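**Student:** Okay, here's the structure, questions in a sec.
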Amino acid sequence: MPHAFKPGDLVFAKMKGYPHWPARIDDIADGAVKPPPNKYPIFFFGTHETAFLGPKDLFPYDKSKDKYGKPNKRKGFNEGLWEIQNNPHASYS
């Protein structure tokens, strides 16, 4: 059975106006800004942007990749697909 989301989990993350996007739940570094309550720090592959999202917008990658893991015209997306499949836990700093 599913657990709660934890750092390192791979997802497609949904935001208004963008296709479901390859992403990971990030850790919060010591000294770094914490997310709001009930929000997770989401690192978007390809763009390498962070946003804070709740579980309603987080689709587990394994379950969802046949639907959402297809090329997209959007800037950074196809790079993002490579990252999530090929090195999802690397440093992209």
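Every chain in the structure tokens takes a letter, A first, then B, and so on in the order presented; its residues are numbered from 1, and the ligands are numbered from 1 following the presented order.
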Return as JSON, numbers by chain the full set of residues in chain A whose backbone-based DSSP assignment is alpha helix (DSSP H).

**Tutor:** {"A": [61, 62, 63, 64, 65, 66, 67, 68, 77, 78, 79, 80, 81, 82, 83, 84, 85, 86]}

**Student:** Store the residues of this selection in a file with C-alpha atoms, as a PDB file, in the first residue's frame.

**Tutor:**
```
ATOM      1  CA  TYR A  61       5.870   8.286 -11.923  1.00  0.00           C
ATOM      2  CA  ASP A  62       5.678   4.457 -12.263  1.00  0.00           C
ATOM      3  CA  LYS A  63       1.846   4.420 -12.437  1.00  0.00           C
ATOM      4  CA  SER A  64       1.611   7.497 -14.692  1.00  0.00           C
ATOM      5  CA  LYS A  65       4.474   7.294 -17.186  1.00  0.00           C
ATOM      6  CA  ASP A  66       2.502   5.495 -19.932  1.00  0.00           C
ATOM      7  CA  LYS A  67       0.069   8.447 -19.972  1.00  0.00           C
ATOM      8  CA  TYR A  68       2.295  11.416 -19.333  1.00  0.00           C
ATOM      9  CA  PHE A  77      10.237  18.932 -21.166  1.00  0.00           C
ATOM     10  CA  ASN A  78      12.114  16.381 -23.294  1.00  0.00           C
ATOM     11  CA  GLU A  79      15.290  17.103 -21.330  1.00  0.00           C
ATOM     12  CA  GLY A  80      13.114  16.462 -18.281  1.00  0.00           C
ATOM     13  CA  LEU A  81      11.990  13.069 -19.604  1.00  0.00           C
ATOM     14  CA  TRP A  82      15.635  12.053 -20.067  1.00  0.00           C
ATOM     15  CA  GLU A  83      16.518  13.095 -16.549  1.00  0.00           C
ATOM     16  CA  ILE A  84      13.715  11.307 -14.783  1.00  0.00           C
ATOM     17  CA  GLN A  85      14.403   8.052 -16.659  1.00  0.00           C
ATOM     18  CA  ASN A  86      18.230   8.193 -16.720  1.00  0.00           C
TER      19      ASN A  86
END
```

**Student:** Would you mind listing what lies within 8 Å of range 16-27 of chain A as a ChimeraX atom specification, with only C-alpha atoms counted and same-chain residues fewer than 5 positions away left out?

**Tutor:** /A:5-11,40-45,61,68-69,77,80-81,84,88

**Student:** List the spatial neighbours of residue 36 in chain A as a PyMOL selection string - criterion: any atom at most 12 Å away, only C-alpha atoms, same-chain residues fewer than 5 positions off excluded.

**Tutor:** chain A and resi 41+51-54

**Student:** Grab the CA of residue 14 in chain A to CA of residue 90 in chain A distance for me, in Å with one decimal place.

**Tutor:**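 Separation of CA of residue 14 in chain A and CA of residue 90 in chain A: 21.9 Å.
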
**Student:** What is the CA of residue 13 in chain A-CA of residue 58 in chain A distance in Å, reported with one decimal?

**Tutor:**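 We find that CA of residue 13 in chain A and CA of residue 58 in chain A lie 4.8 Å from each other.
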
**Student:** Provide the CA of residue 31 in chain A to CA of residue 48 in chain A distance in Å, to one decimal place.

**Tutor:**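 Taking CA of residue 31 in chain A and CA of residue 48 in chain A, their separation equals 20.0 Å.
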
**Student:** Just checking: using only C-alpha atoms, which residue out of A:60, A:30, A:76, A:92 ends up closest to residue 46 in chain A?

**Tutor:**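 Going through A:60, A:30, A:76, A:92 one by one, the smallest distance to residue 46 in chain A is for A:76.
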
**Student:** Enumerate, as a PDB file with N, CA, C and O atoms, in the first residue's frame, the complete set of residues in chain A that a backbone-based DSSP assignment places in strand (DSSP E or B).

**Tutor:**
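Full text of out07.pdb as output:
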```pdb
ATOM      1  N   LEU A  10       9.591   9.970  -7.257  1.00  0.00           N
ATOM      2  CA  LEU A  10       9.478  10.518  -8.614  1.00  0.00           C
ATOM      3  C   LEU A  10       8.005  10.625  -9.007  1.00  0.00           C
ATOM      4  O   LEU A  10       7.193   9.689  -8.768  1.00  0.00           O
ATOM      5  N   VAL A  11       7.688  11.733  -9.703  1.00  0.00           N
ATOM      6  CA  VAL A  11       6.287  12.068  -9.968  1.00  0.00           C
ATOM      7  C   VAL A  11       6.167  12.705 -11.352  1.00  0.00           C
ATOM      8  O   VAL A  11       7.147  13.185 -11.944  1.00  0.00           O
ATOM      9  N   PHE A  12       4.925  12.787 -11.837  1.00  0.00           N
ATOM     10  CA  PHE A  12       4.579  13.887 -12.716  1.00  0.00           C
ATOM     11  C   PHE A  12       3.822  14.912 -11.884  1.00  0.00           C
ATOM     12  O   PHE A  12       2.939  14.525 -11.102  1.00  0.00           O
ATOM     13  N   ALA A  13       4.253  16.200 -11.973  1.00  0.00           N
ATOM     14  CA  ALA A  13       3.660  17.258 -11.158  1.00  0.00           C
ATOM     15  C   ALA A  13       2.837  18.182 -12.061  1.00  0.00           C
ATOM     16  O   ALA A  13       3.263  18.515 -13.170  1.00  0.00           O
ATOM     17  N   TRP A  21       4.321  17.171 -15.498  1.00  0.00           N
ATOM     18  CA  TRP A  21       5.725  17.456 -15.805  1.00  0.00           C
ATOM     19  C   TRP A  21       6.616  16.533 -14.968  1.00  0.00           C
ATOM     20  O   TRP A  21       6.362  16.374 -13.787  1.00  0.00           O
ATOM     21  N   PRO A  22       7.633  15.876 -15.570  1.00  0.00           N
ATOM     22  CA  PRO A  22       8.519  14.985 -14.807  1.00  0.00           C
ATOM     23  C   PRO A  22       9.178  15.782 -13.678  1.00  0.00           C
ATOM     24  O   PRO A  22       9.715  16.891 -13.897  1.00  0.00           O
ATOM     25  N   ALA A  23       9.127  15.228 -12.457  1.00  0.00           N
ATOM     26  CA  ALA A  23       9.588  15.950 -11.291  1.00  0.00           C
ATOM     27  C   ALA A  23       9.968  14.987 -10.162  1.00  0.00           C
ATOM     28  O   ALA A  23       9.745  13.783 -10.236  1.00  0.00           O
ATOM     29  N   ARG A  24      10.598  15.530  -9.115  1.00  0.00           N
ATOM     30  CA  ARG A  24      10.893  14.735  -7.935  1.00  0.00           C
ATOM     31  C   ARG A  24      10.494  15.525  -6.709  1.00  0.00           C
ATOM     32  O   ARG A  24      10.493  16.776  -6.745  1.00  0.00           O
ATOM     33  N   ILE A  25      10.200  14.798  -5.630  1.00  0.00           N
ATOM     34  CA  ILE A  25      10.130  15.451  -4.317  1.00  0.00           C
ATOM     35  C   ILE A  25      11.546  15.721  -3.832  1.00  0.00           C
ATOM     36  O   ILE A  25      12.338  14.792  -3.711  1.00  0.00           O
ATOM     37  N   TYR A  40       4.952  20.301  -0.554  1.00  0.00           N
ATOM     38  CA  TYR A  40       6.218  19.597  -0.747  1.00  0.00           C
ATOM     39  C   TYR A  40       7.055  20.435  -1.693  1.00  0.00           C
ATOM     40  O   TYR A  40       6.516  21.066  -2.602  1.00  0.00           O
ATOM     41  N   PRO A  41       8.400  20.432  -1.572  1.00  0.00           N
ATOM     42  CA  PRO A  41       9.244  21.114  -2.562  1.00  0.00           C
ATOM     43  C   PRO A  41       9.401  20.231  -3.795  1.00  0.00           C
ATOM     44  O   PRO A  41       9.837  19.080  -3.663  1.00  0.00           O
ATOM     45  N   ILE A  42       8.944  20.720  -4.941  1.00  0.00           N
ATOM     46  CA  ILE A  42       8.969  19.899  -6.150  1.00  0.00           C
ATOM     47  C   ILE A  42      10.083  20.430  -7.047  1.00  0.00           C
ATOM     48  O   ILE A  42      10.084  21.619  -7.415  1.00  0.00           O
ATOM     49  N   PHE A  43      10.978  19.517  -7.458  1.00  0.00           N
ATOM     50  CA  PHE A  43      11.998  19.897  -8.419  1.00  0.00           C
ATOM     51  C   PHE A  43      11.601  19.374  -9.793  1.00  0.00           C
ATOM     52  O   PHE A  43      11.370  18.178  -9.956  1.00  0.00           O
ATOM     53  N   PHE A  44      11.441  20.299 -10.745  1.00  0.00           N
ATOM     54  CA  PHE A  44      10.961  19.963 -12.080  1.00  0.00           C
ATOM     55  C   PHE A  44      12.176  19.639 -12.926  1.00  0.00           C
ATOM     56  O   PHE A  44      13.089  20.505 -13.050  1.00  0.00           O
ATOM     57  N   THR A  50      11.943  24.957  -9.038  1.00  0.00           N
ATOM     58  CA  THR A  50      11.243  24.468  -7.855  1.00  0.00           C
ATOM     59  C   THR A  50       9.900  25.188  -7.687  1.00  0.00           C
ATOM     60  O   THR A  50       9.794  26.412  -7.870  1.00  0.00           O
ATOM     61  N   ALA A  51       8.868  24.424  -7.309  1.00  0.00           N
ATOM     62  CA  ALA A  51       7.636  25.012  -6.820  1.00  0.00           C
ATOM     63  C   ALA A  51       7.147  24.182  -5.642  1.00  0.00           C
ATOM     64  O   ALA A  51       7.599  23.056  -5.428  1.00  0.00           O
ATOM     65  N   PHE A  52       6.196  24.748  -4.895  1.00  0.00           N
ATOM     66  CA  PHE A  52       5.646  24.062  -3.747  1.00  0.00           C
ATOM     67  C   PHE A  52       4.278  23.537  -4.129  1.00  0.00           C
ATOM     68  O   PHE A  52       3.417  24.332  -4.521  1.00  0.00           O
ATOM     69  N   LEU A  53       4.078  22.212  -3.985  1.00  0.00           N
ATOM     70  CA  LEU A  53       2.816  21.638  -4.424  1.00  0.00           C
ATOM     71  C   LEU A  53       2.285  20.684  -3.366  1.00  0.00           C
ATOM     72  O   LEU A  53       3.045  20.043  -2.627  1.00  0.00           O
ATOM     73  N   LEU A  58       0.272  15.724  -7.563  1.00  0.00           N
ATOM     74  CA  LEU A  58       1.462  14.859  -7.663  1.00  0.00           C
ATOM     75  C   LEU A  58       1.035  13.444  -8.076  1.00  0.00           C
ATOM     76  O   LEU A  58       0.256  12.779  -7.383  1.00  0.00           O
ATOM     77  N   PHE A  59       1.450  13.025  -9.277  1.00  0.00           N
ATOM     78  CA  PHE A  59       1.110  11.683  -9.792  1.00  0.00           C
ATOM     79  C   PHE A  59       2.339  10.771  -9.765  1.00  0.00           C
ATOM     80  O   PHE A  59       3.340  11.064 -10.441  1.00  0.00           O
ATOM     81  N   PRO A  60       2.329   9.662  -9.007  1.00  0.00           N
ATOM     82  CA  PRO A  60       3.513   8.777  -8.969  1.00  0.00           C
ATOM     83  C   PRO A  60       3.977   8.341 -10.350  1.00  0.00           C
ATOM     84  O   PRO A  60       3.181   7.974 -11.205  1.00  0.00           O
TER      85      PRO A  60
END
```

**Student:** Between A:28, A:93, A:87, A:4, which has the minimum distance to residue 47 in chain A (counting only C-alpha atoms)?

**Tutor:**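 Between A:28, A:93, A:87, A:4, the residue approaching residue 47 in chain A most closely is A:93.
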